[PDB]
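Trainee: Experimental structure and sequence below, a few questions after.
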Amino acid sequence: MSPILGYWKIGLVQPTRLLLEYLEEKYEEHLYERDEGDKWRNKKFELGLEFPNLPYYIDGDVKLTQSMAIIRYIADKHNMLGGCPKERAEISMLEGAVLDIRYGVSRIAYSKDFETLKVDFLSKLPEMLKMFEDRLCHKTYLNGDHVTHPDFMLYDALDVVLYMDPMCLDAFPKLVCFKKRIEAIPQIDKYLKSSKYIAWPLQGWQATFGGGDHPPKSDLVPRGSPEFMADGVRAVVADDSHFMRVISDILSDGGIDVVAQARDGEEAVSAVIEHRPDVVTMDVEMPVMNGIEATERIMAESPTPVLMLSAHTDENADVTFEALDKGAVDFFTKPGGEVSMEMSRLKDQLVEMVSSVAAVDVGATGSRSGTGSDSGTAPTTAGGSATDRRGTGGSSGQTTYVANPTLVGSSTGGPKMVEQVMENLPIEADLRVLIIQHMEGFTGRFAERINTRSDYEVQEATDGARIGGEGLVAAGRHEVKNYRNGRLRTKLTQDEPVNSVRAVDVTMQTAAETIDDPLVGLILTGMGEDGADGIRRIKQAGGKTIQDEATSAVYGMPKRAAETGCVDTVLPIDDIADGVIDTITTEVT
């Protein structure tokens, strides 16, 4: 079953019906913020959402309730929350955007509908005088010269016509549109009641439409549609105490599930495999045996995609990043503290994750663990640098080459599927690789391994560690530029996010107008479409763009890796340096 991916989404009821408790807990505010006199002039605060389960809509604009659906596709199939805490900035306040764009650009429709209803009431108002003037001069030929006359019996109108007030010149054209709405809200409540086939486009709207941030208010049905059929997405508890995993009720809404609950890192391995979920949501320190080993004690048995909750202390940057070599995929950026109004958002950083972490069949497990083969360390860059680390450095076999590095990153899949790619960057070859990823000190313990393990030194980006001899790397508020001398460095970028993410796309787009031909860009495993509209121009001209399915897990960054054609081919992961050094062979020489 593969449509189960769409079934593995809409835990996607929590992002949906989530801000309705931002109406009863935010309109009962516009209430006793008023006093004992403002008691009968504040309720008409339309509980605006979208209900096929029950009767409830937005006052007229079904577009803005679909426009808030042209939005949740990318916000979930690109994973904006399960990464860095700054990646969700223009997103909790862009909820209020479309909210206050319908609370902001929905009286440019009202006032302009009493405008369009004023013009017609005053486009036939020339034809009431023209149907009064031409009505007062025909008994003048009928009657036996009965005079009274028309014109002096006419300027009573043109007096009254402009003696009119907005109650007749703006509100009488207004006492009609919503009066004609009594002749309209039938067929707006007949489209979805006398028919059950509005969910047919809606339950089919979970696979189209594009935007990008968090303004889904309550689109895809209230809590309980029985169409949540067959098998849901369960997820096992593992936190250090009782309250930590409203953190047990983070899932108990109508999507992702809880199954097992245990403080012990041993009563979990004796729990997550009993009543199979699809992810064990687990942490660092566990009583009797540790969470560092509470995954490989369950991996060397049942490699379940583990959700590593890690409230880092700057030393947990290894528990979060050694357990990736033990079997992690995407890690939660575990918090804790002020229980207020953010748990509504703090859950999408967890449940949308498994709606992206539990988005795996048995592929990643059955990729190097079908038998008893441990991958090991590194081979040798045969097609490139090994042919140099095996012959004569003298002018016999030398190359007319240049020393300009080729750049490039990733995210979910950075932990291991990107690490096996960087561990073969030879010191004999002057290069520089991009890494911009999902994480706070994790940029100082994710390049520390390629530094020590791989036989070359890669660094954490400071205020300009110009690079080739090491590596760019580090997503840390992170524009490498050119002086007047010929090469590049490592400079930072920190405005409002490029593509609303905190920003893989910008540093790829920069290089199309910065260094060129001896420059490469590559895509591996994340979930964003950034490296699709950015390196689009590097291959729309001259600059190689580089994933295939067999190696990694969830594909949302390589999901649209063939809709463009700028990519040369496909490419899974094993010994990438054999080729990613062969791209610095013919265009640098």
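Mentor: That came in fine, so what should we check first? Numbering: from 1, shown residues only.

Trainee: and the closest residue to residue 74 other than its chain neighbours, how far is that from residue 76?
Mentor: Once flanking residues are discounted, residue 74 sits nearest to residue 212: 4.5 Å by C-beta to C-beta, 6 or more residues apart in numbering. From N, CA and C alone the C-beta is placed, and that goes for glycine too. Per C-beta to C-beta, to the nearest Å, residue 212 is found 10 Å from residue 76.

Trainee: Next: residue 132.
Mentor: Residue 132 is 63 Å from residue 76, by C-beta to C-beta.

Trainee: Have a look at the two and say which one is more surrounded.
Mentor: Each of residue 132 and residue 76 has its neighbours counted (other C-beta atoms under 10 Å); residue 76 has more, 25 against 15.

Trainee: right, and that one touches residue 8 too?
Mentor: No: counting by C-beta atoms under 8 Å, residue 76 does not reach residue 8; the two are 10.5 Å apart.

Trainee: ok, which stretches of the stretch 451-589 of the chain are helices?
Mentor: Assigned by DSSP state H, counting those that start in this stretch, the stretch 451-589 of the chain shows helices spanning 504-510, 530-533, 577-580.

Trainee: Any chance of those helices in TSV with distance to residue 279 and mean neighbour count as columns?
Mentor: Below are the helices of the stretch 451-589 of the chain laid out as TSV (distance: least, C-beta to C-beta, whole Å; neighbours: other C-beta atoms under 10 Å):
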stretch	distance to residue 279	mean neighbour count
helix 504-510	25	23
helix 530-533	25	22
helix 577-580	32	21
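
Trainee: Which of those helices sits closest to residue 561?
Mentor: Residue 561 sits nearest to helix 530-533 of all these, at 7.6 Å, using C-beta to C-beta.

Trainee: Which other helices and strands does that closest one contact?
Mentor: helix 504-510 (3 or more C-beta pairs under 8 Å, 6 or more residues apart in numbering; DSSP states H and E).

Trainee: and the helix it packs on, what other elements does it pack with?
Mentor: Here helix 504-510 is seen to pack against helix 530-533 when contacts are counted using 3+ C-beta pairs under 8 Å, 6+ apart.

Trainee: list residues touching both of residue 76 and residue 8?
Mentor: residue 355 (C-beta atoms under 8 Å, 6 or more residues apart in numbering).

Trainee: those helices in the stretch 201-350 of the chain, which residues are they?
Mentor: Using DSSP H, counting those that start in this stretch, helices in the stretch 201-350 of the chain cover 269-272, 296-299, 316-326, 343-348.

Trainee: Which one of the ones you listed lies nearest to residue 573?
Mentor: Between residue 573 and these, the shortest separation by C-beta to C-beta is 14.5 Å, and it involves helix 316-326.

Trainee: what does the closest one contact?
Mentor: Residues from elsewhere that reach helix 316-326, judged by C-beta under 8 Å, 6+ apart: 284, 291-293, 295-296, 299, 306, 308, 310, 312, 328, 331, 415-416, 419, 441-442, 444-446, 449.

Trainee: Quick one, which of those residues are buried?
Mentor: 284, 291-293, 295-296, 299, 306, 308, 310, 312, 328, 331, 415-416, 419, 441-442, 445-446, 449 (16 or more other C-beta atoms under 10 Å).

Trainee: How much space separates residue 342 from residue 536?
Mentor: 36 Å.

Trainee: what about those two, which has more around it?
Mentor: residue 536 (18 against 13).
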